[PDB]
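Visitor: I have a structure here, written as structure tokens, and I will follow up with some questions on it.
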Amino acid sequence: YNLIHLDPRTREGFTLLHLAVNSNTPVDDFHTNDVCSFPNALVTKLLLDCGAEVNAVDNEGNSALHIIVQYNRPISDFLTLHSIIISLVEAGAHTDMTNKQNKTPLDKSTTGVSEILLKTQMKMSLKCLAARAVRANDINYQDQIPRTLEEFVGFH
Amino acid sequence: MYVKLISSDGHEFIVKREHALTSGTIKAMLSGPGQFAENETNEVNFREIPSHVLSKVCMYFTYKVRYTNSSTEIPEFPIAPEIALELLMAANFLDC
Amino acid sequence: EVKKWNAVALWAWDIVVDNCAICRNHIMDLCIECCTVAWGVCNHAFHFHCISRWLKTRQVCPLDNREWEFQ
Amino acid sequence: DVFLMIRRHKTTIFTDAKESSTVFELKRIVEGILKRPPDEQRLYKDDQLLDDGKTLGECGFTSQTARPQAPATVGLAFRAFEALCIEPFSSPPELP
Amino acid sequence: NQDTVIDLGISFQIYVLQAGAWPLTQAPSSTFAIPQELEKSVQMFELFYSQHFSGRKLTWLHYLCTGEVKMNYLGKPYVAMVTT
Amino acid sequence: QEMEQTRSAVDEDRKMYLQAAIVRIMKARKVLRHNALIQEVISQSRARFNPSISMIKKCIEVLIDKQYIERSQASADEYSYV
Ligand SMILES: [Zn+2]
Ligand SMILES: [Zn+2]
Ligand SMILES: [Zn+2]
């Protein structure tokens, strides 16, 4: 929690939990390959329960859900996915974050199983489904909307 | 059983109490002070939102109840561009 | 008409494909050669190891009489 | 599972029920929530009167069209009978 | 936990068996229709399980089911606990 | 009546265990004599069910038909893994 409150960030802009959820994390050629698997369910669960910034964004504009749905092995260790997906949605992690290249993680699921999991964990909700339209059609929100709604639109 | 919602532009909208309870503000407004303890009407005023958006959330109130988690072929929501940025000032006031 | 009836449940993982019909095992566990599970134009999910060895034998989907291709 | 939007002046009532049911209680669900005499109602779907014993499934609308986003709106009227008088929803402020 | 008055008229003792590690199976179709008295019960439980446990196909097993029977048509004497 | 197919079910399952047993043997052995392979399959599988020789003979042919393994060109007794 001390490190997370200090919040280190990678060169690629990934937060610590972003480094926890990805699959391209390099692992040392020694016995870490035996046990340090990625993405890891327990690591992400303990990081989120410890107080990680779940809505942290990278330099690529994505969130943790965007990275985890892009996993290349969805049915190899599906339970881990079924853990981490039920982890992040349990604490923040807006399921329709819509990264800076106008891509919701549902559109970046790239897998039927992952998109089924996300749809089961998606929520019929507020001005997120009622904001995808107002950001698809360019309506001026520049101080035409509340101040927290500026970042709300900037996500959605 | 049913709740009444009064829009800014004179319009009064009546929907199921459970359907309007999906938004936190209505839950907050109906509870505590201003409860209007008649258990049948429970009218609430809204001098900020216009009539169409209050009709739009009432459409959305029934939309959420029907499709909480079932019928995976979920129909989308046809939000008009002319009603966009107006409902974008409403749901945060409603905590839907 | 009823007060305390209850039955026995049985849950899968909502996976559209049940088993890898090459080694006749589940999809969740590793292949017999080893992991990596492939897909086909016939919408059948088998292991990459189970399929790369299959195409050496024949380039035909094992269930239906259709020419296998990758995804 | 047909969804309705009952209209009478500024007052609007949202309604959902099955198709195979008479419109008698449709005249009475509004009666319970308006605290008004029951026999004075006269529902007007598309500016026409229909039988009180007739079901709303045969009244003209189906569920495949009356989805909650665009429910089958109907006009209500009370005996002074008297013709339907509803208030259309105000237009949102258009974009510049 | 639900907001409205959710009363089922039925009490539960569910044995949520795991995946194919359990040896019992049902290879014939044998589509026994759900009784309408407990239809609200199974829909509530299916909605409950699919929400708390995402990605789970609750395939119901009725050939090894259990439960009680009421005989109010006769006049309701005693109870009976034959299969479903 | 239902317990005899359960005997066949594990018998079907033991063949699947037998098929996976030869593959992991030949992944490291590459080539192995058939008589030594008879003891080799039994050696690791002795912790579980004891496989009779007749079940092994058909499992070699099934694995040969699946083309995971085939007989060595130098000796028909010797087998080659691919
Ligand atoms: Zn396989
Ligand atoms: Zn493999
Ligand atoms: Zn096929």
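Identifiers in the structure tokens: chain A, B, ... in order shown; residue index from 1 per chain; ligand index from 1 in order shown.
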Each residue of chain F with at least one atom at most 10 Å from range 55-66 of chain C should appear once, together with its nearest atom pair and the corresponding distance in Å (one decimal); atoms considered: only C-alpha atoms; ordering: chain, then increasing residue number; output as JSON lines.

Guide:
{"residue": "F:65", "atom": "CA", "partner": "C:57", "partner_atom": "CA", "distance": 9.2}
{"residue": "F:66", "atom": "CA", "partner": "C:57", "partner_atom": "CA", "distance": 7.6}
{"residue": "F:67", "atom": "CA", "partner": "C:57", "partner_atom": "CA", "distance": 7.1}
{"residue": "F:68", "atom": "CA", "partner": "C:57", "partner_atom": "CA", "distance": 9.7}

Visitor: Next, the residues of the selection above should be written as a short mmCIF file (atom, residue, chain, number, x, y, z; two decimals), in the first residue's frame with N, CA, C and O atoms.

Guide:
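Contents of the output file again-v2.cif:
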data_model
loop_
_atom_site.label_atom_id
_atom_site.label_comp_id
_atom_site.auth_asym_id
_atom_site.auth_seq_id
_atom_site.Cartn_x
_atom_site.Cartn_y
_atom_site.Cartn_z
N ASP F 65 -1.80 -45.42 -35.54
CA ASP F 65 -2.81 -44.92 -36.47
C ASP F 65 -2.97 -43.41 -36.36
O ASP F 65 -3.19 -42.73 -37.37
N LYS F 66 -2.86 -42.87 -35.15
CA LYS F 66 -2.88 -41.42 -34.95
C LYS F 66 -1.60 -40.75 -35.45
O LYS F 66 -1.56 -39.52 -35.53
N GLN F 67 -0.58 -41.54 -35.78
CA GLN F 67 0.71 -41.09 -36.31
C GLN F 67 1.49 -40.23 -35.33
O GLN F 67 2.37 -39.47 -35.73
N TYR F 68 1.19 -40.33 -34.03
CA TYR F 68 2.09 -39.76 -33.03
C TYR F 68 3.37 -40.58 -32.93
O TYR F 68 4.45 -40.03 -32.66
#

Visitor: Compile the residues of chain C that lie within 12 Å of chain A, evaluated using only C-alpha atoms, and express the compilation as a ChimeraX atom specification.

Guide: /C:12-20,26-31,35-39,43,45-48,71

Visitor: Determine which residues of chain E receive a DSSP assignment of strand (DSSP E), computed from the backbone, and state them as a count of residues only.

Guide: 11

Visitor: Listing only residues of chain F within 12 Å of chain C, what is the closest atom pair and its distance in Å (to one decimal) for each, using only C-alpha atoms, sorted by chain and residue number ascending, as a tab-separated table?

Guide:
residue	atom	partner	partner_atom	distance
F:12	CA	C:24	CA	10.6
F:13	CA	C:24	CA	9.6
F:15	CA	C:23	CA	11.0
F:16	CA	C:23	CA	7.6
F:17	CA	C:32	CA	9.7
F:18	CA	C:32	CA	11.0
F:19	CA	C:32	CA	8.5
F:20	CA	C:32	CA	5.7
F:21	CA	C:32	CA	8.9
F:22	CA	C:32	CA	10.0
F:23	CA	C:33	CA	6.7
F:24	CA	C:33	CA	7.3
F:25	CA	C:33	CA	10.7
F:26	CA	C:33	CA	10.3
F:27	CA	C:33	CA	8.3
F:28	CA	C:33	CA	11.7
F:62	CA	C:23	CA	11.8
F:63	CA	C:23	CA	10.8
F:64	CA	C:57	CA	11.2
F:65	CA	C:57	CA	9.2
F:66	CA	C:57	CA	7.6
F:67	CA	C:57	CA	7.1
F:68	CA	C:53	CA	7.6
F:69	CA	C:53	CA	11.1
F:81	CA	C:33	CA	11.4
F:82	CA	C:53	CA	9.0

Visitor: Dump as a ChimeraX atom specification the residues of chain F that approach chain E to within 12 Å, counting only C-alpha atoms.

Guide: /F:2,6,9-10

Visitor: Identify all chain A residues at most 9 Å from chain B by counting only C-alpha atoms; ligands do not count. Present them as number ranges by chain.

Guide: A: 116, 119-131, 133-134, 137, 139-141, 144-146, 149

Visitor: For a test of reading the model, state the distance in Å between CA of residue 17 in chain B and CA of residue 2 in chain B, rounded to one decimal.

Guide: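 Distance between the two atoms: 4.6 Å.
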
Visitor: Hey, what's within 12 Å of residue 154 in chain A if we count only C-alpha atoms and toss same-chain stuff fewer than 4 positions away? As a list in words, please?

Guide: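 My list of contacting residues is residues 57, 61, 96, 97, 98, 99, 100, 101, 102, 128, 131, 132, 134, 135, 136, 141, 142, 145, 147, 148, 149 and 150 of chain A.
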
Visitor: Would you mind listing what lies within 7 Å of range 58-74 of chain D as an mmCIF file with C-alpha atoms, in the first residue's frame, with only C-alpha atoms counted and same-chain residues fewer than 4 positions away left out?

Guide:
data_model
loop_
_atom_site.group_PDB
_atom_site.id
_atom_site.type_symbol
_atom_site.label_atom_id
_atom_site.label_comp_id
_atom_site.auth_asym_id
_atom_site.auth_seq_id
_atom_site.Cartn_x
_atom_site.Cartn_y
_atom_site.Cartn_z
ATOM 1 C CA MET B 59 -38.080 4.640 -20.615
ATOM 2 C CA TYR B 60 -34.651 3.743 -19.218
ATOM 3 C CA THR B 62 -38.174 0.042 -17.356
ATOM 4 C CA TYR B 63 -35.252 -0.787 -19.665
ATOM 5 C CA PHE B 77 -30.555 2.400 -26.620
ATOM 6 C CA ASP D 1 -45.016 -8.204 -22.398
ATOM 7 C CA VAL D 2 -46.152 -4.980 -24.082
ATOM 8 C CA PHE D 3 -44.991 -1.582 -22.810
ATOM 9 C CA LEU D 4 -47.229 1.491 -22.875
ATOM 10 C CA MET D 5 -47.040 5.253 -22.319
ATOM 11 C CA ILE D 6 -50.450 6.430 -21.108
ATOM 12 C CA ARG D 7 -50.950 10.159 -21.694
ATOM 13 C CA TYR D 44 -57.939 6.561 -26.902
ATOM 14 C CA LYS D 45 -55.290 4.645 -28.857
ATOM 15 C CA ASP D 46 -54.341 6.515 -32.061
#

Visitor: Near chain B, which residues of chain E fall within 9 Å when you count only C-alpha atoms, and what do they look like as a ChimeraX atom specification?

Guide: /E:3-4,47,50-51

Visitor: Give the alpha helix (DSSP H) residues of chain C, as assigned by DSSP on the backbone, as a list in words.

Guide: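 Residues of chain C classed as alpha helix (DSSP H): residues 48, 49, 50, 51, 52, 53, 54, 55, 56 and 57 of chain C.
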
Visitor: Can you pull out the residues contacting residue 29 in chain D? Cut-off 10 Å, using only C-alpha atoms, and skip same-chain residues under 4 positions away; I want them as a ChimeraX atom specification.

Guide: /D:13,15,23-25,33-34,38
